[PDB]
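> Below is the file data37.csv, which contains CSV, C-alpha atoms and all ligand atoms.
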chain,number,residue,atom,x,y,z
R,415,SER,CA,-11.6,-24.5,31.9
R,416,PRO,CA,-8.2,-23.5,30.3
R,417,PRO,CA,-7.1,-19.9,30.7
R,418,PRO,CA,-8.9,-17.3,28.5
R,419,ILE,CA,-7.4,-16.2,25.1
R,420,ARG,CA,-7.3,-12.7,23.9
R,421,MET,CA,-7.6,-12.2,20.1
R,422,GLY,CA,-8.5,-9.4,17.7
R,423,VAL,CA,-11.9,-9.9,16.1
R,424,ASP,CA,-10.5,-9.8,12.5
R,425,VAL,CA,-7.5,-12.0,13.1
R,426,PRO,CA,-9.1,-15.1,11.4
R,427,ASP,CA,-10.0,-12.8,8.5
R,428,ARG,CA,-6.4,-11.7,8.1
R,429,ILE,CA,-5.0,-15.3,8.2
R,430,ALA,CA,-7.6,-16.5,5.7
R,431,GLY,CA,-7.4,-13.7,3.3
R,432,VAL,CA,-11.3,-13.6,3.4
R,433,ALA,CA,-13.6,-10.9,4.8
R,434,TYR,CA,-16.0,-13.1,6.8
R,435,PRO,CA,-19.5,-11.8,7.6
R,436,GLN,CA,-19.8,-9.9,10.9
R,437,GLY,CA,-20.1,-12.1,13.9
R,438,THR,CA,-18.6,-15.2,12.2
R,439,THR,CA,-15.7,-15.6,14.6
R,440,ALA,CA,-17.7,-15.2,17.8
R,441,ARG,CA,-20.4,-17.5,16.5
R,442,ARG,CA,-18.1,-20.3,15.4
R,443,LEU,CA,-16.1,-20.1,18.6
R,444,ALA,CA,-19.4,-20.3,20.5
R,445,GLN,CA,-20.4,-23.4,18.5
R,446,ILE,CA,-17.2,-25.3,19.6
R,447,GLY,CA,-18.2,-24.6,23.2
R,448,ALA,CA,-16.1,-21.5,24.2
R,449,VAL,CA,-17.4,-18.5,26.1
R,450,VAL,CA,-16.7,-15.4,24.0
R,451,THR,CA,-17.0,-11.9,25.5
R,452,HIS,CA,-16.6,-8.9,23.2
R,453,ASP,CA,-14.5,-6.0,24.4
R,454,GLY,CA,-14.2,-3.2,21.8
R,455,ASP,CA,-12.1,-4.9,19.1
R,456,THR,CA,-10.6,-7.7,21.2
R,457,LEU,CA,-12.4,-11.0,21.9
R,458,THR,CA,-11.8,-12.8,25.2
R,459,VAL,CA,-12.3,-16.5,24.4
R,460,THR,CA,-12.4,-19.2,27.2
R,461,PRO,CA,-12.2,-22.6,25.5
R,462,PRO,CA,-14.3,-25.5,27.0
R,463,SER,CA,-12.7,-28.2,29.2
R,464,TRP,CA,-12.7,-30.8,26.4
R,465,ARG,CA,-10.5,-28.6,24.2
R,466,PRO,CA,-7.1,-28.3,25.9
R,467,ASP,CA,-5.6,-27.9,22.4
R,468,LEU,CA,-7.0,-24.4,22.3
R,469,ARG,CA,-4.2,-22.3,23.9
R,470,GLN,CA,-3.3,-19.4,21.5
R,471,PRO,CA,-5.2,-17.3,19.0
R,472,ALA,CA,-3.7,-19.4,16.1
R,473,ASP,CA,-5.6,-22.4,17.6
R,474,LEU,CA,-8.8,-20.3,17.5
R,475,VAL,CA,-8.1,-19.2,13.9
R,476,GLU,CA,-8.1,-22.9,12.9
R,477,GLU,CA,-11.5,-23.5,14.4
R,478,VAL,CA,-13.1,-20.6,12.5
R,479,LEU,CA,-11.4,-21.4,9.1
R,480,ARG,CA,-12.1,-25.2,9.2
R,481,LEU,CA,-15.8,-24.6,10.0
R,482,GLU,CA,-16.3,-21.9,7.4
R,483,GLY,CA,-14.4,-24.1,4.9
R,484,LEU,CA,-10.9,-23.8,3.4
R,485,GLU,CA,-12.5,-23.7,-0.1
R,486,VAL,CA,-13.4,-20.0,0.3
R,487,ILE,CA,-9.7,-19.0,0.7
R,488,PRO,CA,-8.5,-17.4,-2.6
R,489,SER,CA,-5.3,-18.0,-4.5
R,490,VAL,CA,-3.0,-15.0,-4.4
R,491,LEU,CA,0.6,-15.4,-5.7
R,492,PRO,CA,3.0,-13.6,-3.3
R,493,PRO,CA,5.9,-11.6,-4.8
R,494,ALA,CA,9.2,-12.8,-3.4
R,495,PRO,CA,12.1,-10.4,-3.3
R,496,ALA,CA,14.8,-10.8,-6.0
R,497,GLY,CA,16.5,-14.0,-5.1
E,415,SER,CA,7.5,29.3,-28.7
E,416,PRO,CA,6.3,25.7,-28.8
E,417,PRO,CA,2.8,24.9,-27.5
E,418,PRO,CA,2.5,24.9,-23.7
E,419,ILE,CA,2.7,21.7,-21.6
E,420,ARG,CA,0.6,20.7,-18.6
E,421,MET,CA,2.3,18.7,-15.9
E,422,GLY,CA,1.7,17.9,-12.3
E,423,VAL,CA,4.2,19.6,-10.0
E,424,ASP,CA,5.3,16.4,-8.4
E,425,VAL,CA,5.7,14.4,-11.6
E,426,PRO,CA,9.5,14.8,-11.6
E,427,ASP,CA,9.5,13.6,-8.0
E,428,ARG,CA,7.5,10.5,-8.9
E,429,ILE,CA,9.8,9.6,-11.9
E,430,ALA,CA,12.9,10.2,-9.9
E,431,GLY,CA,11.8,8.4,-6.8
E,432,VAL,CA,13.1,11.5,-4.9
E,433,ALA,CA,11.2,14.2,-2.9
E,434,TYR,CA,12.7,17.3,-4.3
E,435,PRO,CA,12.4,20.5,-2.2
E,436,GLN,CA,9.5,22.8,-2.8
E,437,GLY,CA,9.6,24.8,-6.0
E,438,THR,CA,12.5,22.8,-7.6
E,439,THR,CA,10.7,21.9,-10.8
E,440,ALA,CA,9.4,25.4,-11.4
E,441,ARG,CA,12.9,26.9,-10.7
E,442,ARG,CA,14.8,24.5,-12.9
E,443,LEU,CA,12.3,24.9,-15.8
E,444,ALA,CA,12.7,28.7,-15.6
E,445,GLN,CA,16.5,28.3,-15.8
E,446,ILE,CA,16.2,26.5,-19.1
E,447,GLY,CA,14.1,29.3,-20.4
E,448,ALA,CA,10.5,28.2,-20.0
E,449,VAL,CA,7.6,30.3,-18.7
E,450,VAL,CA,6.0,28.5,-15.8
E,451,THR,CA,2.5,29.2,-14.3
E,452,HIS,CA,1.0,27.5,-11.3
E,453,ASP,CA,-2.6,26.4,-10.7
E,454,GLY,CA,-2.9,24.2,-7.6
E,455,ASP,CA,-1.0,21.0,-8.5
E,456,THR,CA,-0.7,21.6,-12.2
E,457,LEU,CA,2.1,23.6,-13.9
E,458,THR,CA,1.7,25.0,-17.4
E,459,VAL,CA,5.2,25.1,-19.0
E,460,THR,CA,5.9,27.0,-22.2
E,461,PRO,CA,9.4,26.0,-23.4
E,462,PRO,CA,11.6,28.6,-25.1
E,463,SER,CA,12.0,28.8,-28.9
E,464,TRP,CA,15.5,27.2,-28.8
E,465,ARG,CA,14.1,23.9,-27.3
E,466,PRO,CA,11.8,22.3,-29.8
E,467,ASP,CA,12.7,19.0,-28.1
E,468,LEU,CA,10.6,19.9,-25.1
E,469,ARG,CA,7.1,18.6,-26.1
E,470,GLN,CA,5.8,16.3,-23.4
E,471,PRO,CA,5.9,16.1,-19.6
E,472,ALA,CA,8.6,13.5,-19.8
E,473,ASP,CA,10.8,16.0,-21.7
E,474,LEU,CA,10.5,18.4,-18.7
E,475,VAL,CA,11.2,15.7,-16.3
E,476,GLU,CA,14.6,15.1,-18.0
E,477,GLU,CA,15.5,18.8,-17.5
E,478,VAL,CA,14.7,18.7,-13.8
E,479,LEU,CA,16.4,15.4,-13.0
E,480,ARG,CA,19.6,16.1,-15.0
E,481,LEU,CA,20.1,19.5,-13.4
E,482,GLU,CA,19.5,18.1,-9.9
E,483,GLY,CA,21.9,15.3,-10.7
E,484,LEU,CA,21.0,11.6,-11.2
E,485,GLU,CA,23.2,10.6,-8.3
E,486,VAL,CA,20.5,11.5,-5.8
E,487,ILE,CA,18.2,8.8,-7.2
E,488,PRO,CA,18.1,5.9,-4.8
E,489,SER,CA,18.4,2.2,-5.6
E,490,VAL,CA,15.2,0.2,-5.0
E,491,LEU,CA,15.0,-3.3,-6.2
E,492,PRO,CA,11.5,-3.8,-7.7
E,493,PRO,CA,9.5,-6.9,-6.9
E,494,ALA,CA,8.8,-8.8,-10.1
E,495,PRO,CA,5.8,-11.2,-10.3
E,496,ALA,CA,6.4,-14.9,-10.1
E,497,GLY,CA,7.9,-15.7,-13.4
S,501,MG,MG,-5.7,-26.7,16.3
S,502,MG,MG,-1.4,-25.8,18.2
S,503,MG,MG,15.3,15.3,-23.6
Starting from the coordinates I provided, produce the structure as C-alpha cells.


Amino acid sequence: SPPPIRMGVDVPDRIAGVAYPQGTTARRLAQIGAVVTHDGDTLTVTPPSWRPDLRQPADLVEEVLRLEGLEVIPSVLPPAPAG
Amino acid sequence: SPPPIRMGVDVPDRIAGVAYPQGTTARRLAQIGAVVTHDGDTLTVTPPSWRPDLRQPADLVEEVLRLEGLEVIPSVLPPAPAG
C-alpha cells in the first residue's frame, strides 16, 4: 500500500463549491478501495495498491468529485481585482 | 428646531470607512449645535434652528466627516463584478 494521506473531511466540499451529504467523502474513498479512518475532523486515507496515482489530498478530491458528478458544481463568477 | 433625526452611532464610521474613537459622532454633532440623546446604538439628533439643511442621517454624516477631516479616509479599490 502507498503511504497514508491526511485530509480534512470537508476539503472536497471546498474545492467543489458543494455541500455534500455527511459521509460522502469517506464512502466514496472506501468504494475505490482505500481504508479510511476518521480522527476528529481529519481523515486518514490509505489508498489501495492498484492506485499509485493517489498520493496527495488533491488526488483524493478528484475521486470524490468525479463519482458524485461534476454536474452538481454550480457556476459562480469570481470577482477579479481591478486590472 | 427641525424635527429630530434617528441614526445609528456607527453610521458615520460605516460611510467613512474609518473607526472613529468612541463618542466622536455625539461630540461633533453637539459642536454644530444639535441636542444628542443616546439609547443603546441609536442616537436621536435634534439639529439647531440655524441648520434647516440637516434633515436625514446622511446630513449628520457630512458634519462628522468634514470636521474630522476627509484625509483620514483610506483608499480601498472596490471589486466590481465581471463586466
Ligand atoms: Mg487523479
Ligand atoms: Mg496528480
Ligand atoms: Mg450637508

> As a PDB file with C-alpha atoms, in the frame of the given file, please: every protein or nucleic acid residue near ligand MG 503 (chain S) (cut-off 8 Å, counting only C-alpha atoms and all ligand atoms).


ATOM      1  CA  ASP E 467      12.700  19.000 -28.100  1.00  0.00           C
ATOM      2  CA  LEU E 468      10.600  19.900 -25.100  1.00  0.00           C
ATOM      3  CA  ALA E 472       8.600  13.500 -19.800  1.00  0.00           C
ATOM      4  CA  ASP E 473      10.800  16.000 -21.700  1.00  0.00           C
ATOM      5  CA  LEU E 474      10.500  18.400 -18.700  1.00  0.00           C
ATOM      6  CA  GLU E 476      14.600  15.100 -18.000  1.00  0.00           C
ATOM      7  CA  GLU E 477      15.500  18.800 -17.500  1.00  0.00           C
TER       8      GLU E 477
END

> Identify the residues around (1.6, -8.5, -11.9) within a radius of 12 Å, measuring from all atoms listed in the file in the coordinates stated by the file, and give them as a ChimeraX atom specification.

/R:490-493 /E:492-497

> Could you state the separation of CA of residue 487 (chain E) and CA of residue 430 (chain E) in Å, given to one decimal place?

6.1 Å

> Report as an NGL selection string all protein, DNA and RNA residues lying within 9 Å of region 441-454 of chain R, evaluated on all atoms listed in the file, omitting residues in the same chain fewer than 4 positions from it.

:R and (418 or 423 or 437 or 458-465 or 474 or 477-478 or 481-482)

> Provide the CA of residue 434 (chain E) to CA of residue 486 (chain E) distance in Å, to one decimal place.

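Distance reported for this atom pair: 9.8 Å.
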
> What does the structure give for the distance between CA of residue 419 (chain R) and CA of residue 431 (chain R), in Å to one decimal?

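Here the two named atoms are 21.9 Å from each other.
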
> Could you check the closest approach to ligand MG 501 (chain S) for each of R:436, R:470, R:489, R:415 and tell me which residue wins, using all atoms listed in the file?

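The shortest atom-to-atom distance to ligand MG 501 (chain S) comes from R:470.
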